[PDB]
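Fold and geometry: a report
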Amino acid sequence: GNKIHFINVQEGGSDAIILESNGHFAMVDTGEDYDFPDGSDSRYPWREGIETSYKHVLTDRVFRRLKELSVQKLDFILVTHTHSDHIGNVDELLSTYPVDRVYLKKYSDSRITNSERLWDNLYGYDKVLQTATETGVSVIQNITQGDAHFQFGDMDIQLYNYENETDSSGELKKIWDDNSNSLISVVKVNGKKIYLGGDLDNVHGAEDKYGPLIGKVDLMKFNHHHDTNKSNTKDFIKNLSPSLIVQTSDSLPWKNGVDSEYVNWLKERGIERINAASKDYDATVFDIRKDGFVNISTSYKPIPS
Ligand SMILES: C[N+](C)(C)CCOP(=O)(O)O
Ligand SMILES: [Ca+2]
Ligand SMILES: [Ca+2]
Ligand SMILES: [Fe+3]
Ligand SMILES: [Fe+3]
């Protein structure tokens, strides 16, 4: 305690984050996995853009880091949303580690208004529910007020955008993409604050709404890897006013190519920005101290090699 490990991608964008406090371990998201549905089960039909590439898989880096840390137990796994590059390794983790619970908001294909954004989502969701039932791992889907503040080693954690919002009948409210449903975590320890918002976007107003409620932080994980079209809205960055942005991506901020204007804007504001992308190390690690964040990535063994 107290450290945050952002598992590095080889290529593309994917989130797996390990929180380490005192001697406790937890995960915020789990990264993309080898498995995917092929359409042999019509519940999970093939659809175009389901991820298949081993170059985008984080499975081996996640499991190697956990083993290198002598993890015996995860106190929780928090899942931000159902996309495979976030929920992907949950059932593999549930099958390997003791886990005391999982935070997983409700999902249904029916609540996504675009058929071309269903992909893999349900397969991943249903892997969590089925595997957690087989292992007796408690799944918190109806997160009370609640529930949404709580204590993890030395870390104080506050959740946002955690409710299952319903229509009448209710039925989950319709959204354009599961990104807008992203479960947000703010972690506070040693006088520092870290925002972790999955693939939060502003398509249904979530950045406009939660920016002012979250307020000032020190370290911000970029929303949705690198996108500046529908995420990482300037009002949202100014609300959080982070000293450091970490991207779980090998790409610079991106809107029809490198958003050089946006990259320049961050430098002008004095915001440092780093990519958690590597061929040499499993994670970009910060030590979270009273004095600031120290990048201790090179203090771990490299990937063999
Ligand atoms: C689910 N997916 C991996 C096929 C699409 C990409 O997800 P996103 O990171 O752009 O929301
Ligand atoms: Ca997968
Ligand atoms: Ca899996
Ligand atoms: Fe993603
Ligand atoms: Fe996503």
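To be clear, the structure that these remarks concern was listed above.
The structure reproduced in this document is the subject of the present report.

To continue, consider the overall build of the protein chain. Within the protein chain one finds seven helices and 15 strands. Within the protein chain, the proportion of its 305 residues that are buried is 56%. Restricting to contacts in the protein chain with at least 6 residues of sequence separation, those with at least 24 account for 71%. By element, 44% of the accessible surface of the protein chain is carried by carbon and sulfur atoms, the whole surface being about 13,100 Å². Here the protein chain carries 34 positive and 48 negative side-chain charges, and the mean point of each set is 5 Å from the other.

Let's shift gears to the nonpolar core. Side chains of nonpolar character tend, in soluble globular proteins, to be buried together. Among the nonpolar cores identified, the biggest contains 38 residues, and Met27, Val62, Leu66, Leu74, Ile77, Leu93 and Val102 are the most heavily contacted of them. Counting only elements with at least two residues in this core, the list comes to β2 (16-21), β3 (24-30), α1 (59-68), β4 (74-78), α3 (90-94), β5 (99-103), α4 (121-135) and β14 (283-289). Top element by residues in this core is α4. It accounts for five residues. With sequence-adjacent residues up to four places away left out, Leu66 is seen in contact with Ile18, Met27, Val71, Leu74, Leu93 and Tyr97.

Reading across from one edge, β6-β5-β4-β3-β2-β1-β14-β15 is the order of the eight strands in this open sheet, with mixed pairing throughout. What marks the edges here is a single partner per strand, and that holds for β6 (138-140) and β15 (292-295). With strand direction ignored, the average angle separating the axes of adjacent strands in the sheet is 20°. In the sheet, β5 pairs with β6 via three bridges, with the strands oriented parallel. Within the sheet, the bridge partner assigned to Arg101 lies in β6 and is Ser138.

Protein-derived ligands of the calcium ion (ligand 3) are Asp33 (OD), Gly88 (O), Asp91 (OD), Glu92 (OE) and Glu92 (OE), with the metal-ligand distances lying across 2.3 to 2.6 Å. Along the chain, the residues that donate to the calcium ion (ligand 3) are spaced as D-x54-G-x2-D-E. What makes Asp91 buried here is its relative accessible area of 10%.

What follows deals with the coordination of the calcium ion (ligand 2). For the calcium ion (ligand 2), every protein donor is listed as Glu32 (OE), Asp33 (O), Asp33 (OD) and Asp35 (O), and the spread of their distances is 2.3 to 2.6 Å. In the primary sequence, the donor residues of the calcium ion (ligand 2) line up as E-D-x1-D.

Calculation criteria
- Residues numbered from 1 in each chain as written, not as in the entry; some residues may be left out.
- Chains lettered and ligands numbered in written order.
- Heavy atoms only, no water.
- Helix = DSSP H or I, 4+ residues; strand = E, 2+ residues; numbered from the N terminus.
- Buried < 20%, exposed > 50% of the residue type's maximum accessible area, 1.4 Å probe, protein only.
- Contact = heavy atoms within 4.5 Å.
- Areas by Shrake-Rupley, 256 points an atom, 1.4 Å probe, with all protein chains shown as cover.
- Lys, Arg positive; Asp, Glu negative; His and termini not counted.
- Charge placed at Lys NZ, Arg CZ, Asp CG, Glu CD.
- Core = buried A, V, L, I, M, F, W, Y, C linked by side-chain atoms within 4.5 Å.
- Pairing = 2+ DSSP bridges.
- Axes fitted to C-alpha atoms, helices over the stretch in contact; angles between N-to-C directions.
- Donors = N, O, S within 2.8 Å, 3.2 Å for Na, K, Ca; no water.

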